[PDB]
Structure formats: structure tokens, C-alpha cells
Amino acid sequence: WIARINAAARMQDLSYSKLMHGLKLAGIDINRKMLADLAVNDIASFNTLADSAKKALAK
Amino acid sequence: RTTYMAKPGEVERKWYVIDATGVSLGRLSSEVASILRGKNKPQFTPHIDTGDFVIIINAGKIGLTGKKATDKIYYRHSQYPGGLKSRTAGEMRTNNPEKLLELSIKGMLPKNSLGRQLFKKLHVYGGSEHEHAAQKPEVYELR
Amino acid sequence: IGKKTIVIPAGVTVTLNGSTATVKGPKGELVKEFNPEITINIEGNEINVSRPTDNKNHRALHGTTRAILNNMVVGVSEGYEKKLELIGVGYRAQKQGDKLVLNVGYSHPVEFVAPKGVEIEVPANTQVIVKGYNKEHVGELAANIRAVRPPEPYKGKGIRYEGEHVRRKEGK
Amino acid sequence: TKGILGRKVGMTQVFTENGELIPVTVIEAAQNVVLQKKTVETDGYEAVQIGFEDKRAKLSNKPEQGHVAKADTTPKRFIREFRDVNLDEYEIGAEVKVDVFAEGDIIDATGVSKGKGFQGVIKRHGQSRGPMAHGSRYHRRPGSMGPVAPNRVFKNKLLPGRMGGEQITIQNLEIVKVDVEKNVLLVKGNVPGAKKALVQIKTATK
Amino acid sequence: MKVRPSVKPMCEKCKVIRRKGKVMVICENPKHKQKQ
RNA sequence: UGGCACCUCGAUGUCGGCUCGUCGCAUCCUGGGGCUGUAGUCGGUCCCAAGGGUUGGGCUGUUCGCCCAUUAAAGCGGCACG
RNA sequence: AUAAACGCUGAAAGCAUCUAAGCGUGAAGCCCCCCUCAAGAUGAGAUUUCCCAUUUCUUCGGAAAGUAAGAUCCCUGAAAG
Ligand SMILES: [Mg+2]
Ligand SMILES: [Mg+2]
Ligand SMILES: [Mg+2]
Ligand SMILES: [Mg+2]
Ligand SMILES: [Mg+2]
Ligand SMILES: [Mg+2]
Ligand SMILES: [Mg+2]
Ligand SMILES: [Mg+2]
Ligand SMILES: [Mg+2]
Ligand SMILES: [Mg+2]
Ligand SMILES: [Mg+2]
Ligand SMILES: [Mg+2]
Ligand SMILES: [Zn+2]
């Protein structure tokens, strides 16, 4: 799961570590099993979560 | 339970052209070995080959930092008593620039039957012109 | 200290297009490919040389580069002269058209010619002069001629430079 | 650089002008024909292809007689290639005669050695025997196979096997006499092979 | 030429240099040639 | 040459020679050089170099050693003192 | 192309310097030249020539059954074993 969330996060100018920091900082509590599920089946929603993580790292 | 596993032939594999002028031998090879493996895709599956095909041109202009052109030695034993042979990195770049790149990348791939199948996916050319125009490959920029 | 204040007195016009400092002159023409990192400012008399950063690498290249622009302009206009001498019985030296025959004492004659831009001549049967507009080529060729029979200490025989303190060792 | 193919006929001796006596080898080299020319633009290397003896049309097969039909000739028995040869000569379908050589020419002889079957170490490799007396039981055996440390025996440990039947080149052989009418070449010395064996005569490479 | 680990000047005219990353001294007296 | 006693006593055969070799370089010969209290022919000492080569007998079980006669030379060591 | 070594030009360090940039020589040694094996080199290469596009079945991947070029079983043998 970790090596698969990493691949999808690098398509949004982010790394896995920066993505995980932003999600926990913002409060999203989705685990690795479901973040990897969205990265493969519903990539549209994975970009929605990556936007929340990116904004939280910028205040 | 419910975790996606890729099937052979389910993922689309693309062709890439990479210009290898001025880049270090190990900086380029590390980047390439991940494209062949398929670690840049969210469809990555450890037991399935989901990577892409790579063409490397201008392999004679690869970079060797420091005194590696004369101090780096490549060894080769023929299993006969006292049959060890050696070459330098700079001498091999002039004569066999293709062998230098395949020796570097092959050590960065898994050492099993599948990793032996990803090596058949790499084409290295010492010049600036390749022969796979029928596959319509794209240009990939290094990160 | 100092590696500046160059001179280009007449008879020469550099046309360095970045590196190719082509220097013309009455004697000939010389070119090379100076590293395109230090400054060159071709003027009516001086080619200004300076370094971007004051580092050990730049201190060496500052002195090296300037010293050999002065080598060209002197050579391309006036030239360089290297003189050689032969000492020993039967050590004849003479020229046949273009080639040099040296009877230094071996069992065969020793043969020498000068490359392009280098002129070799024999005014007397025991001396040789190498002529040319390139200091590197003129000095190199005379070394090979001297390398045939260097001056041995016991009798002083062999090809020697005029200014050369040969350490003469007592033999018996 | 020239070259022909021939058959080893036998050995004899001749007397030179000084009265000296020398051994020679008789080689018959009739029916040499140029078949094919190979160039860089089609193969990447340059060579000339020669056929030595014609054979009955029964022994030939359909693919073979379509290849010699381009040169307008009967199917041949031996076919070999010669490199390092000037391609300006050697027109297709021409006859190669023994007159290409002359007395005093230095040549090389390539052939296949005579056949020796399963042979032991002291004949195949010229090793030494053990004592035949003084209580010994070691006469014609290979020797120690090696030390104990590797837990194995190294490669190139010479052992019994099939001995002969391998290609050999003998260098710098002189030509004593050339007989164009009989298509016979006299070469001073030995050439590898048995009687009726194919011999490849080529000019010296050194 | 003396190949020793203790290269040091022997007279007043000896000079210490470094050629190809090796300490050596050169002098008009050929007996004073040293290389580390 | 020794110190210890870690594997082996439900068995790890121990000297010399023979047959067959292979590796290290701290080089015996041959190859290339610096210094010399190197006139020449010979030498001394140090640096690079492991490609090939490196004898036949007398005494002794002998390795070792001495001797006879040669040779360009008759190297030193590891491989369960192969 | 180099090892030890010998040099040219040349600054750092107005001189000096075989060295930092740039050049030239330089070993029975390295890589070639010489002889042999070698495409299972699964990366299975190349050239010349020969045979051609049959018939029954399958729901499709496909199968069987007579052949072409070619080879073998069987027999006489040695230059081979
Ligand atoms: Mg018996
Ligand atoms: Mg002990
Ligand atoms: Mg105890
Ligand atoms: Mg037991
Ligand atoms: Mg025991
Ligand atoms: Mg037992
Ligand atoms: Mg015991
Ligand atoms: Mg040594
Ligand atoms: Mg000496
Ligand atoms: Mg033992
Ligand atoms: Mg093929
Ligand atoms: Mg018979
Ligand atoms: Zn001194």
C-alpha cells in the first residue's frame, strides 16, 4: 500500500511523506488500505484528498 | 479480501527515449531501473511485470565523476585457473558504451527470473540514432 | 608579483572568437583553444586577463594563459632560436636536402626532420639550429636531437646546449 | 594473396640443382571454380567462394544445383571461402589453376589431422609413466587431480579422450615445382591429413 | 634516486616539490635525488 | 621454535620420493630505468615487471647439506608442511 | 595505450619547477597481430539456393492425414570408430 500511495502522490507534485504529514495535520484519518484503493479505482477522489493535504501544509 | 492485483497484459506499457549526455552513470541508471520495474504506477504488483520499455541514446557521452575513467576497474573471470580479466570504465566507454550502461543497470534490478525478464526490455545505443521508430517512442525527462 | 600588462606590438591581430586566439604575423600563424572561463579583452596593445574568483585554480590559469599569449606574439612576429653543439671525434653533423644525418658514434646514421612550421638548418658541420614560431615545437625538437647522445661526464662528448653546466666527473 | 583447394596424393622426394635431396608432398588441384563473391554492402565482410570437385548429379540435391547454376557449372563436392583476397580479380564462373603460384612461393597448409580414437594421457598429451618395477603399480595413469582445498578439480585437467580429427595449420612451406598440365603442386615437407584428404593452400600470412 | 619514507633536504641547494601527488626533492647534485 | 586447548578419539593416515600441477612476489635469468668511490670489460645498490624459463649425478631414508660437471639461471614461499 | 624513468611549454610563488591546464618519448609486461573452439551468444545472428499455399474436421484458440524439397529405417564399407 505504501509503495502504491507513493506512486500516485508523485503525480501531484508530492511525495508520500509530505502527503502523510498533510493528511494527519488536516485531520483525515483514512488508513493505507483505503488510500491505495482510491489511487487505483477512483483516482478522481484521491486528488481531492491530496488537495486537502497540500492546503494544510500551507497554513 | 479486497486489494487490487494486476494481471499480465492488463497494464499498458509504453516506449521511452532518454538522452544520456552529461548525466552521471549511476544517477541515470537508478532512475531508469524504476521505470522498467514499474514503481511509478499505482498499478504496481510485485509478481507482475508492469513496467515500460526504455531506449537510451548518446550512451558514449555518459559522465564519470572524478578519476573514475581510469581508476574504476571491471573484472571478469572465465572459471579457468588464473583467468581473471579487467577493463577500465573510461576505456569501455570509448569502445563499448553499450556494455557500460547494461552492466550498471543490471546490478540495480532484482536478481531472480522476473528481474532477468526486465533486462530484455532495455535498448542502449552509443550513438544518437536508434532503430525502433515503428514503436513511436516518447521523450522522457529525468527528475 | 604580476601576470598582467601584456603587449601586442604591431605585426599581429588576435581574433579570439571565445577561445581560438588566432594570432597573425610576419613569421606565421598560431592558434589554440584557451579554456573559456577567464577574461580576454583584445585591444590595440593589450589582451586583458583576469579571474572571476580568486581561487587557487584561477591563480594558476591567470599566469599560464597570459604567459603564452606573450609567447605567440613574440614568436609570430620575431620567432624563437634554439642552438645546439656537438663535441666528440668524428661527430659530424650535416644536412641532405631536408633530413639530418648525425654520425654520433653508433653503427648507423641517425635521421631527423622538422615538422611543419619548424625549420632545421646546419651552418657548420658541428652545430645545429632549430627555427620556428612555436616555442613548444622548437624546444621539443631540439630535445629529441640532444636525446640521441646526451653529454656523458667523463669526456663531455655528446650533443649539448651552449648554456649547459655539464657536471664533468673525474674518471681515472 | 591467392588460394586453391587440393587433395593430398602422397609423399615422395626430388633432387634439386645442387644435388640436394628434399621430401615433397603431391597435391592435385583440378576443377577449381569460383562460385560466389561476398562483399561488405551485402554481408559485412569480403570473401571468395571456391568449389573443388564436381560429383554425379545423383549425389547432389535440389538446393545444391540451384546454387552452382548461377555460375554455370556442375555441382561441386568441397566448398570453402578465402578471406584477405583482392576481389578485383576472380570473376564468377572462372577457373582457378595451379599457375597462380610459382616456384619458391611461401604458403600455408590447412587440413584435418588423421584420426586417433580413444587415447590415453601419455600418447594424447605426452606425459610421463611411473616406474615399471621396484614394486610400483603406477604405469600409464593421469596423475594427481589437484590439491584438497578447492574440494574440486580445476578445468583444463588433461585426461583421456578422442585424440585426432582436428584442423591444423602449418606455416611457411615452400613450393618446389608447379605442373600446370597435370594440375599438380609440389610442396616441400608435410601437410596434415591422411591420403585423399582435402588441403587448403593459401599464401603465407607472415 | 633514493626511495625512502624520510625525504628531506640534504644541502642548501635542495628544493622540495610534489610531482603527481608524491613528495620529492631535486638538486644539482644527483646524489641528492629523493622520492617518497 | 612456541603459547591456548576451539572442531575431529561411533578413526580427519603421519616423513621422504614418483605422476600432475596451480597461485603469491619479498625477482634467480631474460626486459626497462635512477645513483655510483660508474674510464672500457665487470660490478654494488635501489625502482617497474610474474610473459616464459629455472640441470644431470656421488653420500645419506632422508627434507637439509657438502661435493663433481654444466647452465642465461640452477628463486623464495602457499595449496591438510598440495 | 601504459609502469618506473626522461623531457617541452608553463603558472601557482615576477625567479625556479616534467604539473595545475596542455604536449612528446618510454618495458620480455596490458590490449591487438599468430593458432584453435565458438549462435543453447534463449541477445538463439547473416548470405546463397530449394519446396510450396492440399484435403477432412472443430463453436473459436486449433486438430489429423496424405504429401513437396529433404532425411532416415535396412544393406556394402573406411580415410572414421
Ligand atoms: Mg605390474
Ligand atoms: Mg602452531
Ligand atoms: Mg577452558
Ligand atoms: Mg562417522
Ligand atoms: Mg583418524
Ligand atoms: Mg571414514
Ligand atoms: Mg601422527
Ligand atoms: Mg615489485
Ligand atoms: Mg643498474
Ligand atoms: Mg603433506
Ligand atoms: Mg540463423
Ligand atoms: Mg581400401
Ligand atoms: Zn642538495
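Chains as they are written, first to last, in the entry's author numbering: chain S, 61 to 119; chain L, 2 to 144; chain G, 4 to 175; chain D, 2 to 207; chain 8, 1 to 36.
No residue lacks a Cβ here, since even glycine has one placed at the ideal position from N, Cα and C.
Exposure label - residue i; buried when at least 16 CB within 10 Å
i, result
"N66 (chain S)", "buried"
"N173 (chain D)", "exposed"
"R18 (chain 8)", "exposed"
"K35 (chain G)", "exposed"
"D44 (chain D)", "exposed"
"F83 (chain D)", "buried"
"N137 (chain G)", "buried"
"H140 (chain G)", "buried"
"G7 (chain D)", "buried"
"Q14 (chain D)", "exposed"
"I88 (chain S)", "exposed"
Where the beta strand (DSSP E) containing residue i begins and where it ends
i, result
"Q36 (chain 8)", "Segment: none, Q36 (chain 8) is in no beta strand (DSSP E) and carries neither H nor E."
"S87 (chain L)", "85-89"
"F83 (chain D)", "80-83"
"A34 (chain L)", "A34 (chain L) -> not in any beta strand (DSSP E); alpha helix (DSSP H) instead, spanning 26-38."
"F115 (chain G)", "113-115"
"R77 (chain L)", "74-78"
Backbone CA spacing between residue i and residue j [nearest angstrom]
i, j, result
"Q37 (chain D)", "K71 (chain D)", "9 Å"
"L160 (chain D)", "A135 (chain L)", "54 Å"
"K8 (chain 8)", "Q34 (chain 8)", "8 Å"
"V27 (chain D)", "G121 (chain D)", "33 Å"
"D100 (chain D)", "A60 (chain L)", "53 Å"
"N20 (chain G)", "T8 (chain G)", "21 Å"
"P154 (chain G)", "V26 (chain G)", "38 Å"
"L64 (chain G)", "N58 (chain G)", "10 Å"
"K63 (chain D)", "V41 (chain D)", "29 Å"
"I106 (chain L)", "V16 (chain 8)", "47 Å"
"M6 (chain L)", "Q44 (chain L)", "8 Å"
"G174 (chain G)", "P156 (chain G)", "9 Å"
"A96 (chain G)", "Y164 (chain G)", "15 Å"
"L104 (chain L)", "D20 (chain L)", "18 Å"
"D102 (chain S)", "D111 (chain S)", "15 Å"
"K100 (chain L)", "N51 (chain G)", "47 Å"
"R144 (chain L)", "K68 (chain L)", "26 Å"
"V125 (chain G)", "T56 (chain G)", "50 Å"
"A110 (chain D)", "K3 (chain D)", "13 Å"
"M75 (chain G)", "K160 (chain G)", "35 Å"
"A117 (chain G)", "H61 (chain G)", "36 Å"
"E167 (chain G)", "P29 (chain G)", "32 Å"
"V169 (chain G)", "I123 (chain G)", "25 Å"
"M93 (chain L)", "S30 (chain L)", "17 Å"
"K56 (chain D)", "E104 (chain D)", "31 Å"
Whole-number beta carbon distance between residue j and residue i, since they are thought to touch under 8 Å
i, j, result
"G94 (chain D)", "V34 (chain D)", "7 Å"
"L110 (chain L)", "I63 (chain L)", "About 18 Å; that fails the 8 Å criterion."
"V181 (chain D)", "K98 (chain D)", "6 Å"
"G82 (chain G)", "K6 (chain G)", "Not quite, the Cβ-Cβ distance comes to about 24 Å (not below 8 Å), so this is no contact."
"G78 (chain G)", "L33 (chain G)", "7 Å"
"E132 (chain L)", "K15 (chain L)", "Going by Cβ atoms, the distance from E132 (chain L) to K15 (chain L) rounds to 18 Å, so no, they are not a contact pair."
Residue range of the unbroken alpha helix (DSSP H) whose run includes residue i
i, result
"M12 (chain D)", "From DSSP, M12 (chain D) is part of no alpha helix (DSSP H) but of the beta strand (DSSP E) over 4-16."
"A103 (chain D)", "Run containing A103 (chain D): none; DSSP gives neither H nor E here."
"residue 1 (chain G)", "What is shown of chain G runs 4 to 175, which leaves residue 1 (chain G) out entirely."
"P5 (chain 8)", "Looking at the DSSP string, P5 (chain 8) is not in any alpha helix (DSSP H), and its letter there is neither H nor E."
"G67 (chain D)", "63-68"
"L143 (chain L)", "No alpha helix (DSSP H) contains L143 (chain L), which DSSP labels as neither H nor E."
"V100 (chain S)", "92-101"
"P98 (chain L)", "98-107"
"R117 (chain L)", "116-119"
"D109 (chain D)", "No alpha helix (DSSP H) holds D109 (chain D); the beta strand (DSSP E) holding it covers 107-113."
What residues in the region 78-106 of chain L bring their beta carbon closer than 7 Å to a beta carbon of chain D? Answer in chain order: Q80, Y81, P82.
Can you give me, in chain order, the residues of the region 154-167 of chain D that have a beta carbon less than 8 Å from any beta carbon in chain L? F155, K156, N157
Determine which residues of the region 93-118 of chain S have a Cβ less than 8 Å from any Cβ of chain L, and write them out in chain order. Taking 8 Å as the Cβ-Cβ cut-off against chain L, the residues of the region 93-118 of chain S that qualify are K93, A96, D97, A99, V100, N101, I103.
Check distances from the C-beta atoms of the region 29-41 of chain L to those of chain S and list, in chain order, the residues that come in under 8 Å. For the region 29-41 of chain L, the set of residues with a beta-carbon nearer than 8 Å to any beta-carbon of chain S comprises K40, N41, in chain order.
Which of the residues in the region 62-81 of chain S, read from start to end, lie with their CB under 9 Å from any CB of chain L? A63, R64, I65, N66, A67, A68, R70, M71
What residues from the region 125-143 of chain L come within 9 Å of chain S, judged by C-beta to C-beta, listed N to C? none
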